[PDB]
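Have a look at the structure below, then the notes.
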Amino acid sequence: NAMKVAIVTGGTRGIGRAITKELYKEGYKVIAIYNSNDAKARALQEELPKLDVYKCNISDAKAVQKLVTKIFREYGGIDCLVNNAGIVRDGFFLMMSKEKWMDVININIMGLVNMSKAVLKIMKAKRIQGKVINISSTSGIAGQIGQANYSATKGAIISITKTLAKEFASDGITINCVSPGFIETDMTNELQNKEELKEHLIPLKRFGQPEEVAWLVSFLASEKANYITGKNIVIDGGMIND
Amino acid sequence: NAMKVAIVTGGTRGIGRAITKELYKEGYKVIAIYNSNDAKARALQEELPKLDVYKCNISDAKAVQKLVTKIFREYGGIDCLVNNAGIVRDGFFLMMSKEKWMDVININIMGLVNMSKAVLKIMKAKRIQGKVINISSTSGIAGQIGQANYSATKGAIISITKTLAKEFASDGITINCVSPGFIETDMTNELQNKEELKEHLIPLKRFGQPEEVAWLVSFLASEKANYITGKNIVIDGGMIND
Amino acid sequence: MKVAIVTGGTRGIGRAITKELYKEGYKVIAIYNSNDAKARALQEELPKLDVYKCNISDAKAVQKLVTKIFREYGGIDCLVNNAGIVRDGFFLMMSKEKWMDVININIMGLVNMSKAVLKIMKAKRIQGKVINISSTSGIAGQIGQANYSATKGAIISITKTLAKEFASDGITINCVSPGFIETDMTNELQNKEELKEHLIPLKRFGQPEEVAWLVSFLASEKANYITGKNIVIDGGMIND
Amino acid sequence: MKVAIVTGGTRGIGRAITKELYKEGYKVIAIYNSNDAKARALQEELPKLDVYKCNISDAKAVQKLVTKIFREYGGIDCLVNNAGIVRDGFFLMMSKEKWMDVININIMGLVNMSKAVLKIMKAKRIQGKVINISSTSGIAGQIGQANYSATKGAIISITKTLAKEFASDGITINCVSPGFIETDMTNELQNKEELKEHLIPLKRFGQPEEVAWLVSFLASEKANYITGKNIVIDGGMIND
Ligand SMILES: NC(=O)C1=CN([C@@H]2O[C@H](COP(=O)(O)OP(=O)(O)OC[C@H]3O[C@@H](n4cnc5c(N)ncnc54)[C@H](OP(=O)(O)O)[C@@H]3O)[C@@H](O)[C@H]2O)C=CC1
Ligand SMILES: NC(=O)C1=CN([C@@H]2O[C@H](COP(=O)(O)OP(=O)(O)OC[C@H]3O[C@@H](n4cnc5c(N)ncnc54)[C@H](OP(=O)(O)O)[C@@H]3O)[C@@H](O)[C@H]2O)C=CC1
Ligand SMILES: NC(=O)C1=CN([C@@H]2O[C@H](COP(=O)(O)OP(=O)(O)OC[C@H]3O[C@@H](n4cnc5c(N)ncnc54)[C@H](OP(=O)(O)O)[C@@H]3O)[C@@H](O)[C@H]2O)C=CC1
Ligand SMILES: NC(=O)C1=CN([C@@H]2O[C@H](COP(=O)(O)OP(=O)(O)OC[C@H]3O[C@@H](n4cnc5c(N)ncnc54)[C@H](OP(=O)(O)O)[C@@H]3O)[C@@H](O)[C@H]2O)C=CC1
């Protein structure tokens, strides 16, 4: 029972679902935010009855500010924000439309901005020695064919992590980033080249599990990581050189 | 006389002006693109009479495609694109409006996208073993207080460099990035803390010169750098650890 | 009943690692170089701790100890290569002897310990852990530390090479790089205030137990998909 | 009349650096270790070239040579620390002697040459250049190269430390890290096709002259604001 409040965007499926389950297990009050799938959210809240869930498009800043203000009033503060929501719109760069660029930009970048602005304003005004953990990707670090738009936003996320870490370090807020490689989710379940990935590209020869990303995020949110800030930790079975 | 064609966006002032002058000296036909200052462009073209100049907002994809198609018809191809145009809209993150985010995103990211898409389509279709050089910033690499939006776009630029390098490597197109630290321009001429920067933060104890960035960009565009691709080279007097 | 070996495990960061792994249920063996009194005082606090005086740059004495440890406990699950020395000074005033002394411990000590332990981990099919301690000095360079920063960059490189070489065996190999940590290695500094005020965004030195917490995480089964990485714990001081 | 010293300057990448700096108007001194025939054949091609046989791990012989060079030409403007060896093999089969041999040349050779040259550059107020050759093996790790990758990571770290230490003197110190370059060091590989097909996006090895072009740029007055950096020339093979 940590007596702490955490927001996990994209917190009902995939990596976000595992992060939610891990912080819940550690005794956080968790608020999980999602975009469309009411069924997954309700099913997750039936499994974890103390969880709050909200359908909220994080690219809509006015709805984000309203939701963060609501959460702040019910639980007296915000101790941890995990910016995990994200989308992909793959395609070769020469066939990738403006719309695929702006859709991914508006969620992976502007959604992190909306949540982080609203939450950090509260942490600063109340002098909460809080935590922000962003989820990026090896794609943003090393590049990935067919992912110019995704990789761009994930590189932006790492840079925002470092800038904000410097801006809020004097307020005792740490701001870090976690960059997974290939994780067994649905975002990677439609791949057919999984065997070539494991056999040739990943030294540990397997995909990561959602729970393994959650364990790292939970370490960074805990009081055992207060001297770590501005860092990008890569969880990828050894796949890339950071 | 290189008998090559180069486009330099933001090519009439500051770093872009120096890049223009250096490629012109090396015998490129240079097309310099700018945003508003007709006087600077005309004055630069009076100094370099073989230079082409165009007032073109690179965030406007239809005007970009029209201009790139024009340049392609007049000079039979494009050998080198330098994506140098960029803006800053500084402010502390908690007071930085959506508009400051989207203005910087639309030029530093979407402007690079529009130019690179139009130019790379031509290089691929004609099998030109061409060059793209993007201009980023130490701000994107290490973060900078008051520059969440700028730093985000400059990190995105580095990630796009790596993705596109991988996508076009088989076509013999190299795609690299140059990240200056503090360069003596007008973008840094309004600073009052310049002495503290030089005395304490920069080991070489001076700002860089525009021509020094241009010399690096010109090396990367030359035939002496065809085995370098996907890299980010930092020119900063030693200021940061990459 | 997992077995951990912590070199330099009786003072400073190593002591805190020993204490943390002890608290987490490991059988811990702490190796030290010369200070018998500190070692015995720690064994007083932690009665189940084994302590051995061993110069890790002596390959034969290292092999003897690792083989004895392995015979006694039936395996080795975790090696923390923490022992390290500094011999600082301007490059132009830094003798060959200051280079070789720091190389022989910070590089060859890691090599000797890791050769002995990994051979056993691989022979016994142990999905073990090696965690090496480097430094931000090796990542970003540091005036007056050409020799120290050389070996700490070497340690990071060795971590990455060994992670690739032993991945198929399920042995992860990671590195922790601290910034300024409050220990004896840093008690003599005169510029502590200026480092805190100007160089460290969090405006304080780290504590040894904060390094131990990160080491303990990497050693646990909650970190099995992290390998070959160097994680910096430095209050924001450097860009990795 | 600038003076450049290129260690290992008679074969492979070093030969191409010697040739490039010669073409650029330097007085070049090429240092080599044992192959007199190759050295004389290069001096035949480049009549103004000085060549010396010198084991750079011997500090006294290095000091003798640098002091002679300096007396003859009145200064030293550029040192390229290019000499290097590999003694590859699995970590568990890599003797102490393979570690020390590679350390003594790849680390201590750089140290001995750089101590001698930087002392003179600083004494004479020369705004000189040191360029060190590392490797992607040191950046990202490489199976079978624990010792080589150790020293190449050390070289990168030393570059950064020396860049900070000598910046106030106007001496820039940079590192070039090649990927796979067509030389004798790589002629014996059997997996060349698979490396080209799968690991190198540009699908070819680099040429020695492409490394020399980058070295020559860093040595020129067009690179005076670049210091402490490691520039990778590798066809896209790794992420830095
Ligand atoms: N999976 C992998 O292999 C890798 C993942 N990552 C990162 O991991 C994170 C999570 O990935 P993963 O678990 O696979 O993703 P999933 O696609 O499985 O889940 C995405 C979640 O984001 C929510 N979401 C999407 N758009 C919005 C929006 N506009 N506003 C609010 N919520 C939104 C979804 O809501 P809903 O359920 O209603 O649709 C869902 O809960 C991402 O940020 C991704 O970039 C990074 C590298 C690799
Ligand atoms: N200067 C420095 O210290 C640093 C610079 N950089 C990078 O260097 C690059 C150049 O910097 P610097 O020379 O100082 O910049 P300047 O502000 O001096 O020049 C910017 C140029 O960009 C053009 N431009 C701006 N917006 C657009 C647009 N929408 N479409 C087309 N052209 C446009 C301007 O046109 P016009 O002249 O008509 O206004 C001008 O020519 C930037 O990308 C910047 O991020 C990176 C790190 C530090
Ligand atoms: N403290 C800091 O700020 C930073 C530390 N580090 C790294 O952290 C590690 C620990 O540093 P710190 O705790 O400050 O060091 P201390 O000097 O406080 O402790 C060093 C320990 O290493 C042991 N040791 C030294 N040489 C040998 C040897 N040849 N064989 C066996 N044991 C040996 C010592 O034995 P004995 O007790 O008998 O002397 C002692 O237990 C080092 O690797 C260091 O480089 C990295 C960055 C910053
Ligand atoms: N080739 C590649 O693919 C890569 C190379 N590198 C680096 O590039 C550099 C050159 O490599 P490469 O050209 O392939 O090497 P070569 O083996 O082809 O050439 C080595 C040169 O170093 C000289 N040398 C060796 N030991 C000594 C010594 N103790 N004292 C003086 N000179 C010595 C040799 O002298 P002699 O001629 O008498 O034998 C020779 O001139 C090295 O630092 C290497 O690590 C890095 C990454 C990849």
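One line per chain: the protein sequences are B, B', A and A', in this order. A prime marks a further copy of an entry chain.
Counting along the first sequence from 1, when you hit position 75 you're at 73 in the authors' numbering, and nothing is skipped either side.
Counting along the second sequence from 1, when you hit position 131 you're at 129 in the authors' numbering, and nothing is skipped either side.
Counting along the third sequence from 1, when you hit position 65 you're at 65 in the authors' numbering, and nothing is skipped either side.
Counting along the fourth sequence from 1, when you hit position 184 you're at 184 in the authors' numbering, and nothing is skipped either side.
For every residue, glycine included, the Cβ atom is placed at its ideal position computed from N, Cα and C.
Item: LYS152(A') and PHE91(A) closer than 8 angstroms at C-beta; Value: no
Item: Any chain A beta carbon closer than 8 angstroms to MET108(A'); Value: yes
Item: Contact check, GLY141(A') vs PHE180(A'), beta carbons under 8 angstroms; Value: no
Item: Secondary structure of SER220(B), DSSP reduced to three states; Value: coil
Item: Interface flag, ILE238(B) vs chain A', CB-CB below 8 angstroms; Value: yes
Item: 8 angstroms Cβ cutoff, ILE158(A) in contact with chain A'; Value: yes
Item: Cutoff 8 angstroms: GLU97(B) Cβ touching any chain B' Cβ; Value: no
Item: Contact list for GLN142(A) against chain A', beta-carbon separation under 8 angstroms; Value: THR161, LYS164
Item: Closer than 8 angstroms to chain B' by CB, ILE139(A); Value: yes
Item: Distance between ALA4(A') and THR67(A') (C-alpha atoms, nearest Å); Value: 14 angstroms
Item: Buried versus exposed call for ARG15(B') [16 or more other C-beta atoms within 10 Å across all chains shown]; Value: buried
Item: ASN132(B'): CB within 7 angstroms of a non-hydrogen atom of ligand 4; Value: no
Item: heavy atom of ligand 1 below 7 angstroms from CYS54(B) C-beta; Value: yes
Item: Selected residue, minimal CA-CA separation from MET108(A), among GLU193(A'), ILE103(A'), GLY109(A'); Value: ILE103(A')
Item: C-alpha gap between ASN33(A') and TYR22(A'), whole angstroms; Value: 20 angstroms
Item: Of the listed residues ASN230(B), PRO178(B), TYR225(B), nearest to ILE233(A) (C-alpha basis); Value: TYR225(B)
Item: Closest Cα partner of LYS196(A') within the set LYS53(A'), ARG204(A'), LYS122(A'); Value: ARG204(A')
Item: 8 angstroms Cβ cutoff, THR186(A) in contact with chain B; Value: no
Item: Nearest to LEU46(B) (by Cα), restricted to the options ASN55(B), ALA30(B), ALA61(B), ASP58(B); Value: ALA30(B)
Item: Beta strand (DSSP E) runs wholly inside the region 71 to 117 of chain B, at least 3 long, in chain order; Value: 78 to 81
Item: Between the CA atoms of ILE76(A) and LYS122(A) - distance to the nearest angstrom; Value: 10 angstroms
Item: 6 angstroms Cβ shell around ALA59(A) - same chain, five flanking residues per side excluded; Value: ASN112
Item: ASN35(B') classed as buried or exposed, judged by whether at least 16 other C-beta atoms fall within 10 angstroms; Value: exposed
Item: Terminal residues of the beta strand (DSSP E) in which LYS2(B') lies; Value: 2 to 7
Item: Proximal residues to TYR26(A) (C-beta, below 6 angstroms), its chain only, five neighbours per side dropped; Value: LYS2, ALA4
Item: Status (buried if at least 16 other CB within 10 Å, exposed otherwise) for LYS19(A'); Value: buried
Item: Nearest neighbour of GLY170(A), chosen from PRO208(A), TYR148(A), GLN127(A), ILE133(A) [CA to CA]; Value: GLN127(A)
Item: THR7(B') beta carbon less than 8 angstroms from that of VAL51(B'); Value: no
Item: Residues, ordered as in the chain, of the region 106 to 134 of chain A that lie near chain A' by beta-carbon distance below 7 angstroms; Value: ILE107, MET108, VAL111, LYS115, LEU118, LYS119
Item: Distance between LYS222(B) and residue 250(B') (C-alpha atoms, nearest Å); Value: The shown model of chain B', from -1 to 240, leaves out residue 250(B'), and the question about it has no answer.
Item: Three-state class that DSSP yields for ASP50(A) in the structure shown; Value: strand
Item: Test: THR7(B) CB closer than 8 angstroms to a CB of chain A; Value: no
Item: Rounded Cβ spacing between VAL215(B) and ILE131(B) (contact assumed at less than 8 angstroms); Value: 5 angstroms
Item: Cβ neighbour criterion (16 or more within 10 Å) applied to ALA41(B); Value: exposed
Item: Interface flag, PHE70(A) vs chain B, CB-CB below 8 angstroms; Value: no
Item: Euclidean distance between Cα positions of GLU209(B') and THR172(B'); Value: 22 angstroms
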